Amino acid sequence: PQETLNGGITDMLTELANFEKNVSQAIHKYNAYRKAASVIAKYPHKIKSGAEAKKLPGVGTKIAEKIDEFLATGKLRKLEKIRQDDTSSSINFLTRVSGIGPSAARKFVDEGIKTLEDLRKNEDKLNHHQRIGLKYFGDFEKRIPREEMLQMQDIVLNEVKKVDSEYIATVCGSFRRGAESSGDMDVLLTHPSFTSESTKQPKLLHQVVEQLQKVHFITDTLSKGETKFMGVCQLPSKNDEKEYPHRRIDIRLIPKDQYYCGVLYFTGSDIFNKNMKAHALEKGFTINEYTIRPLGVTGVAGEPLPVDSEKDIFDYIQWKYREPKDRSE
């Protein structure tokens, strides 16, 4: 549905969401506003009153009132006020740097640090993550066209197999669902030698990160432990041509017996996950990102069931296997 349908209202609610999260530190209000904007974004009619909107789940009394004011005046007094406020606008802005959350943003602004330039001048006050976030501030806000995702995947899948051909690696996220662009790259990795009961062998991830660094694909590291890496990567510049933006990439090592529950979950979408979770319950199973387990008559979860593919999961709950490209809901 076109943005000119309710884009004004949805923009307003998203701006409210950001201020609750970044300034008020009210995470649940952030999500309430986000949810309201989602349901409205999907609504295929131009809203004519707060009352019409209130019928939608997640739209309550107060948002209904704001929509009334917005519809009559083309704005919202409280939002106009907070936009102008130097402190709040700065705090809100600083959070766009990866590694700077509401707490760090507040603290920086309290001591007079309000702009990227200010940050640039105060490196000593920034942790490693925050320095990398600042360094790639613009690149991190750019999206990744699917063609670049495919090129990136080519590299990841090639180098993983080169380290050990028994690794299994899957790029997940909306990309796996066939999205035309991505925000980052999420890689789930496993190996037969690693299960929930056997060796947690703590070099499986390191060896892969290392090789990806060795071929100069991974350029920076935000964080890295035995099961999860978050960092930065860049396609080699196809020659004589402009250099590609630096991209965010996550790589997680998952036990083999939990790998497919992991792929399912990190492929999404979120709404699909929710519904699949519903259905599974109805069939007497509880599914999370790690395992699927039978529920007994009084609701006691038994042991995790063997899962050797995504479709195993669907089969446990009597659902026809659905392609990632059809998992919007």
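All residue numbers are counted from 1 along the displayed sequence.
- In this entry, the higher average B-factor at the C-alpha atoms falls on 281-289, of the pair 281-289 and 34-42.
- For the two regions 318-326 and 2-10, the entry's Cα B-factors average higher over 318-326.
- In the deposited coordinates, the residue among 196, 211, 190, 165 with the greatest CA B-factor is 196.
- When the C-alpha B factors of 227, 221, 239, 153 are read from the deposited coordinates, the top value falls at 239.
- Among the modelled residues of its chain, residue 71 has a C-alpha B-factor that falls in the middle third according to the deposited record.
- Among the modelled residues of its chain, residue 121 has a C-alpha B-factor that falls in the highest third, as given in the PDB entry.
- Ranked by C-alpha B-factor against the other modelled residues of its chain, residue 297 falls in the highest third.
- Among all modelled residues in this chain, the alpha-carbon of residue 54 has a temperature factor (C-alpha) in the middle third.
- In this PDB entry, the Cα temperature factor of residue 207 sits in the middle third of its chain's modelled residues.
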